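Below: one structure, written as structure tokens.
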Amino acid sequence: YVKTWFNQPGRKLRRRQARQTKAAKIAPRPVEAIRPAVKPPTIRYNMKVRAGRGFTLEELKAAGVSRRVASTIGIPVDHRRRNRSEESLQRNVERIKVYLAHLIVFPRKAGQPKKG
Amino acid sequence: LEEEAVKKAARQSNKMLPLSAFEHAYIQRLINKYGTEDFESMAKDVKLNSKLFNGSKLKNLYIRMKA
Amino acid sequence: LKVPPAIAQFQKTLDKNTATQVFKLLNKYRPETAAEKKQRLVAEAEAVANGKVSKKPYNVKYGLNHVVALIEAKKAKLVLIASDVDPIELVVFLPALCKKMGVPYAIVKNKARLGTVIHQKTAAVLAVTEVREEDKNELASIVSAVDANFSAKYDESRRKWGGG
Amino acid sequence: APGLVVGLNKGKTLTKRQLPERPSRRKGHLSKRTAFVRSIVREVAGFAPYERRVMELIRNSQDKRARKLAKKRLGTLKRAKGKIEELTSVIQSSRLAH
Amino acid sequence: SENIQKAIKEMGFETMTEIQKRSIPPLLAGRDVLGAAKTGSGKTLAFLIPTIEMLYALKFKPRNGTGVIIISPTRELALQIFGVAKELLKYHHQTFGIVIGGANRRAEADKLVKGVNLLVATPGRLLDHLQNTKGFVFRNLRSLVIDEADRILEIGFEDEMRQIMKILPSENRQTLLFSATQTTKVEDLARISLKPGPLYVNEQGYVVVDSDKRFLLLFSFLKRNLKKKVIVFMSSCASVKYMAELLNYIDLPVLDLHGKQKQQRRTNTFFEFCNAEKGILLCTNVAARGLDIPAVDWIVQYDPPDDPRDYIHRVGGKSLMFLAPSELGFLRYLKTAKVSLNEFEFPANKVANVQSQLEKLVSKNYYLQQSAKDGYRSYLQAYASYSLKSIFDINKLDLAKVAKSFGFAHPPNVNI
Amino acid sequence: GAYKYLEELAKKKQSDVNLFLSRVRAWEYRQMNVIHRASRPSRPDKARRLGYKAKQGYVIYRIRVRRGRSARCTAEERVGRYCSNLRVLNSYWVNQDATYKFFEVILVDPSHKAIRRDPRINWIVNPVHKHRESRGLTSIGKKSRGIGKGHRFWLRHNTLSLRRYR
Amino acid sequence: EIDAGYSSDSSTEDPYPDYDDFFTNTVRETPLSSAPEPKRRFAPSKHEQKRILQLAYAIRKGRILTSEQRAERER
RNA sequence: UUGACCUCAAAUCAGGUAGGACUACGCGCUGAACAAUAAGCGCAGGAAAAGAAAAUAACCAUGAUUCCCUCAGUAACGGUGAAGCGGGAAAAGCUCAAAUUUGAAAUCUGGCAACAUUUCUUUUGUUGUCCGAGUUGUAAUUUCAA
RNA sequence: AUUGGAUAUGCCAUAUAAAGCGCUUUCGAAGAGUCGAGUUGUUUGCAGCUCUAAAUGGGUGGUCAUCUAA
Numbered sequence: 021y022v023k024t025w026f027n028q029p030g031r032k033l034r035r036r037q038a039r040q041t042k043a044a045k046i047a048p049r050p051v052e053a054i055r056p057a058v059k060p061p062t063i064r065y066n067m068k069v070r071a072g073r074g075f076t077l078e079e080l081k082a083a084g085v086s087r088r089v090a091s092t093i094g095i096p097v098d099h100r101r102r103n104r105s106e107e108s109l110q111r112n113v114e115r116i117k118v119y120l121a122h123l124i125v126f127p128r129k130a131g132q133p134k135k136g
Numbered sequence: 141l142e143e144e145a146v147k148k149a150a151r152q153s154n155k156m157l158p159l160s161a162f163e164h165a166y167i168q169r170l171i172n173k174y175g176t177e178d179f180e181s182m183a184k185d186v187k188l189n190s191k192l193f194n195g196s197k198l199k200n201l202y203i204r205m206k207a
Numbered sequence: 069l070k071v072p073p074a075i076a077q078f079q080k081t082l083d084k085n086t087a088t089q090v091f092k093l094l095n096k097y098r099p100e101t102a103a104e105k106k107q108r109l110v111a112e113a114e115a116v117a118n119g120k125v126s127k128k129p130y131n132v133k134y135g136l137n138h139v140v141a142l143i144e145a146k147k148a149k150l151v152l153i154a155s156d157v158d159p160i161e162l163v164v165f166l167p168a169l170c171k172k173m174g175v176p177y178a179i180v181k182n183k184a185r186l187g188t189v190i191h192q193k194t195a196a197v198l199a200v201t202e203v204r205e206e207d208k209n210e211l212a213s214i215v216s217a218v219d220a221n222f223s224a225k226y227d228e229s230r231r232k233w234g235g236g
Numbered sequence: 002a003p004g005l006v007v008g009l010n011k012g013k014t015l016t017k018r019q020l021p022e023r024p025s026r027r028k029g030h031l032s033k034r035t036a037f038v039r040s041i042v043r044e045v046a047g048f049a050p051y052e053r054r055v056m057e058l059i060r061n062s063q064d065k066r067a068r069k070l071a072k073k074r075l076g077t078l079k080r081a082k083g084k085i086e087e088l089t090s091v092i093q094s095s096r097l098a099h
Numbered sequence: 097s098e099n100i101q102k103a104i105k106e107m108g109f110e111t112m113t114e115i116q117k118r119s120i121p122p123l124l125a126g127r128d129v130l131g132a133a134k135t136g137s138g139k140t141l142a143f144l145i146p147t148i149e150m151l152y153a154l155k156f157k158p159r160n161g162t163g164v165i166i167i168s169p170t171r172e173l174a175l176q177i178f179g180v181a182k183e184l185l186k187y188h189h190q191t192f193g194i195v196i197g198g199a200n201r202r203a204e205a206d207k208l209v210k211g212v213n214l215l216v217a218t219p220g221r222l223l224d225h226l227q228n229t230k231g232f233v234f235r236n237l238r239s240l241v242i243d244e245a246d247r248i249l250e251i252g253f254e255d256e257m258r259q260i261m262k263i264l265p266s267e268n269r270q271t272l273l274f275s276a277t278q279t280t281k282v283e284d285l286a287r288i289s290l291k292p293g294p295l296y297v298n312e313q314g315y316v317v318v319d320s321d322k323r324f325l326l327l328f329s330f331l332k333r334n335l336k337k338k339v340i341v342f343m344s345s346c347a348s349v350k351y352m353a354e355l356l357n358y359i360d361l362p363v364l365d366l367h368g369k370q371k372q373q374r375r376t377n378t379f380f381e382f383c384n385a386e387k388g389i390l391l392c393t394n395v396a397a398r399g400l401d402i403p404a405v406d407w408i409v410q411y412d413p414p415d416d417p418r419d420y421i422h423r424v425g435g436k437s438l439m440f441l442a443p444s445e446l447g448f449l450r451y452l453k454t455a456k457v458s459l460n461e462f463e464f465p466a467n468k469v470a471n472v473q474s475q476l477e478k479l480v481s482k483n484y485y486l487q488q489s490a491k492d493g494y495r496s497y498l499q500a501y502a503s504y505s506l507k508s509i510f511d512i513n514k515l516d517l518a519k520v521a522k523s524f525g526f527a528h529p530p531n532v533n534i
Numbered sequence: 002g003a004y005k006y007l008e009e010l011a012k013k014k015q016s017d018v019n020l021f022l023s024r025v026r027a028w029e030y031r032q033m034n035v036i037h038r039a040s041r042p043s044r045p046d047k048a049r050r051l052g053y054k055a056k057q058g059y060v061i062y063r064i065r066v067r068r069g096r097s098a099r100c101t102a103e104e105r106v107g108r109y110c111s112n113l114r115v116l117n118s119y120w121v122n123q124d125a126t127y128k129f130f131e132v133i134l135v136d137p138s139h140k141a142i143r144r145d146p147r148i149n150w151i152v153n154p155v156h157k158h159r160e161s162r163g164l165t166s167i168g169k170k171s172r173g174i175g176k177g178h179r180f189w190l191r192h193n194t195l196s197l198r199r200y201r
Numbered sequence: 101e102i103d104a105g106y107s108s109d110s111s112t113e197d198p199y200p201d202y203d204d205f206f207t208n209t210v211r212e213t214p215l216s217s218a219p220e221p222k223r224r225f226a227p228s229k230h231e232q233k234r235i236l237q238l239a240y241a242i243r244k245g246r247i248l249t250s251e252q253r254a255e256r257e258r
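Protein chains in written order, with UniProt numbering: chain A, 21 to 136; chain B, 141 to 207; chain C, 69 to 120, 125 to 236; chain D, 2 to 99; chain E, 97 to 298, 312 to 425, 435 to 534; chain F, 2 to 69, 96 to 180, 189 to 201; chain G, 101 to 113, 197 to 258.
Encoded structure:
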């Protein structure tokens, strides 16, 4: 079998139309969730900083965001990752704190019974 | 967008709750015997505190009754 | 065939006289039916809908997970095990657990009879945890009878392989 | 502004943090109730034919043959050593009771 | 700071005692002090106020970890200190905590990882946590306090204390030491722990009653002596709280030095008891340690004392001791102390047979049952921490009989 | 609870109590059909942890297979064919002897309203779960085809991928 | 040393015993679980109070016939 | 004896459901020749499968699955031939078993009667009542991240 | 004409309720004819057969790290 790439420009267009389709549904919030900053796990790459999967629970507790609130305002949680050093904790705590500064959370209507 | 969020949050800000007929009569009876400051002995009275509410729940009941 | 002692013990059940006296106490503490429970709750509902504090209820304890937890908590005064549980390994440890926890226990006949006390088709085990002050002597006399007619009796027989 | 700069570095300075113990790492710890349940069941269930034979050899002080039989049945040494210790205490408890 | 003063005046503490004259001022400068004071001199405020100042001065936070470690020989003394430190830190934000022997070790580990700035510890439990507990941040240790150092040495924690000093950092860390008596072991420990050049500061009645009848005899005795002055000594504050609550629940109004663990209430209760011509007060040995005993017709030792050497000197109206048959070996120790004694005899008929009703009252009430478990557990743990292992052996104690005295049909599940 | 005692008793499969019950029930099961309905599971602890609830829509079936492919996989498939209107949830080992291995298969009725209204077993109603045992989607079926995570466990390497710009 | 010898077992050169209670001969005096007792066992049931409020609601809405008017409908 | 329970059957009893076809892609089982090869057999969907670590690593550590690029025609093996890292597309997490609701099976199907609702007189529910299921365990609560 | 997610607003709301965070002198269950061992076949995995477990245990890696199967 020989795989051909004639749909390469048609996949590019289809993926872009999905981003536009996604943005139409969720109008003002970002098309991606904020990702942490981590360091790759080798002696070849540990100097580089890249994006992680989600923020650790210890990073969210320091930033002031609970693990149940976090998912609702676009902050992924990684229950697996941990902070073995204070630099990873502070690098990503500041990342969450900056995110909260630039964030507008629209209020939600709440059911409110008469008494009690 | 920011103007709408603050004004709407101000409109939906009535977070304090009133008391129902049972809730008011419940907390009122506890206060009439133990005053308004001793909530620890208020929770330990099995006769009047049938639901066994702790001091923190009874404190929140009194606060909601004040307003 | 030859049966192990832990399964052989279920063929030696409580005698007819003691079992009949046991169920006289049990029938005083039947749980309220689905109909009687609804009547009591709707009666309190009208006292709330229009306008208006009790004692702890008294009933016999049932359920295999519930009763085993009560024995482990030493809350059970008398445990009555059905003699014909379809998978025997459901109650095959109960006489040993009751021995370890010092719970007076008996193996009674007709798991259906146990279910009738609790308004159910079937009960694997019944347990009396704590009864009214009027029935303290009646339960105490039953526990003494179970000691003599079940524990003092058999006992040496329950450690022997049955059948064959 | 929210933005991640990927590549280069962020800082070579290091400060090791002490991490707590995760709940999954607690697995295998013996419970007070599980130890009770196993003691009741072990007595109630009885013993396997190979456990009866192993118990016989320990009673006759032929521990060399007992350990060999347990390993031949169970498969490894540390499984045989654990079974012998479990059955030895059963004998000791039986002797104290009887 | 003003927060320290606002907390201190809440306790009703004014002026400042004599032992604190040579300790509190120099210690506020961060210099090592070798204190030495007798019982009841008020050392609890001596090594707590300056240390709490130093927490505020350095702006410590739970992420920093433990900064001050206070070591006490017994559960009751550590708990009493922890209760005082809670009062002093009422208007603070620095976290405080206690780790003790016989307590929930798993729960303590969860509290230690969160960050406890002011830790009150026992030598046995602290070494266990310092070696095994993960996430326990103590590299930023700055102050170390030892109270009743001689008591620690006599207990048998010399080996445990040695490893604590080897594990805990020694640089730039303030250290303290308090001992009623200065022995060779006390001096040796000070030389290896304290910094060089420190600022040095300077007739019996008993009733042989079984465990199950301990409370029933006590209750009947108090009913008989309702027209006198009675003071009862217990082995714990939790035991004090439960019996005081239970006695008021059976129409025998009493007073206790517990209150709500408020220092001002205890002084108020003691002052009222002294002023009153008749009444009954319950307290533990540590609470009454060093206090002024008023003119009391009856003193009752409901539970055996944890410091027999101090007790035999404190006694020197009438003295009573509730001694179990398994504790009859304490009688031989009295002869070695050369103290006259007499045996009290009581008839079994006159003892109140309310045990069945007592169990029903405890089982029906949530708070009575909760207090009964806490009192029973603390009494057993204090029993296991007694200095006289040979005399007051916990293993020889019958746990089924003991739980009967607390109003339990069966012994509750308490660990150690 | 009693499922702690039942599940620790199920580890001593050759003990006196378990051996007698294994041989007594193996004879009883041989007098019955090859595939027969079970009124209640013979291992209420093991069925309960495999997804079985004592409620309408949950069915237990016993089946014997000859000893000497996976024995448990064939039991799931044979019972699934026997009860074509049910969905095979899971299965387990109940008994064995010198000739036969006995298994109990948990099936769920995708048409019963007590199943279709229960969100925790609502997933089995979807058509993508038609004959899960037939496509190796059960617990033993997944294990049979070496599905798992790790180094212990084709088309994208036998093909030439020619891009547009190459 | 182990003498590198043989023990006559190397390949190279009561069927029905009585029940033995080695654990249940004694009686455990304390409960097995040390967990604290929840307050729900010393307070009126909250499950029933849920139903009572639900029944009291539908009595106001007229969904369930009250006891006094149940008898009138019967006769 | 009456009578409950467990069975074992029966009914042109009520309500349901399975088969066959397609099969490009998909998932199983089976299999020669010149290789999971064609065939043969079994089973799905609009995708399927996989999937929230009994996973990698040895680092300043990473973090479900899937696909693409790279690693790499490399290690390894005996010409076959990966994977970790790295770069992208997309991102979402959760549910049970094992706890006594025990101060109250709090749970569910069905019949019947009303009241609604509709892609729809064709659909889908609500409320009430009775019966059944269920204590050999149905709800609430908990899933280790706790 | 049929619909979807929001907005605004009227009415109803069984809240004596239900949650997140915080703190502990109290607790914390974790899946077996499986794992594994021997051996025989298919293509390490899988399968049969004989045997058959544990509880800081078990798996996979380099005393340590990581994971938490059935």
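Here a beta-carbon is modelled for each residue, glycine too, at the ideal position from N, C-alpha and C.
Q: Determine the DSSP secondary structure at C:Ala74, reduced to helix, strand or coil.
A: helix
Select from the segment 180 to 201 of chain B all residues with a C-beta closer than 7 angstroms to any C-beta belonging to chain E, and list them in chain order. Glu180, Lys184, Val186 and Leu192
Practice problem: Look up F:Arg38 in the DSSP assignment and give the residues it is bridged to. | Solution: F:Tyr62
Residues within the segment 444 to 475 of chain E neighbouring chain G, beta-carbon criterion of under 9 angstroms: none
Check: What are the boundary residues of the beta strand (DSSP E) that includes E:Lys338?
Finding: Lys338 to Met343
Exercise. Alpha carbon to alpha carbon, what distance is there between B:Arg204 and B:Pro158?
Worked result: 6 angstroms
is_contact[E:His528, chain G] using C-beta, thresh 8 angstroms: yes
Problem - Contacting residues, own chain, Cβ-Cβ under 7 angstroms from E:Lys336 (five flanking each side not counted) - result: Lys387
Problem set entry | chain D contacts made by the segment 93 to 107 of chain A, where a contact means CB separation under 8 angstroms | Against chain D - using a Cβ distance shorter than 8 angstroms - the residues of the segment 93 to 107 of chain A are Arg102, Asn103, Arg104, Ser105, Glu106 and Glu107.
Is the distance from the Cβ of E:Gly314 to the Cβ of E:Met439 below 8 angstroms?
Cβ atoms of E:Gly314 and E:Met439: closer than 8 angstroms.
With 8 angstroms as the threshold, decide whether the Cβ of G:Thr249 is near any Cβ in chain D. no
Could you name the residues that DSSP lists as bridge partners for C:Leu150?
-> C:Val200
Cβ separation of E:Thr218 and E:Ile196, assumed to be a contact under 8 angstroms, to the nearest whole Å: 5 angstroms
A:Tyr119: contacting residues in chain D (beta-carbon distance under 7 angstroms):
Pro3
Proximity below 8 angstroms, CB of C:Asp219 to CB of C:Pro167
no
>> Please classify A:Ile124 as buried or exposed, where buried requires at least 16 other C-beta atoms within 10 Å of its C-beta.
In response: Looking at its Cβ environment, which holds fewer than 16 other Cβ atoms inside 10 Å, A:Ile124 is exposed.
What number of angstroms, rounded off, separates the C-alpha of E:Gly525 from the C-alpha of D:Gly29? Their Cα atoms are separated by approximately 37 angstroms.
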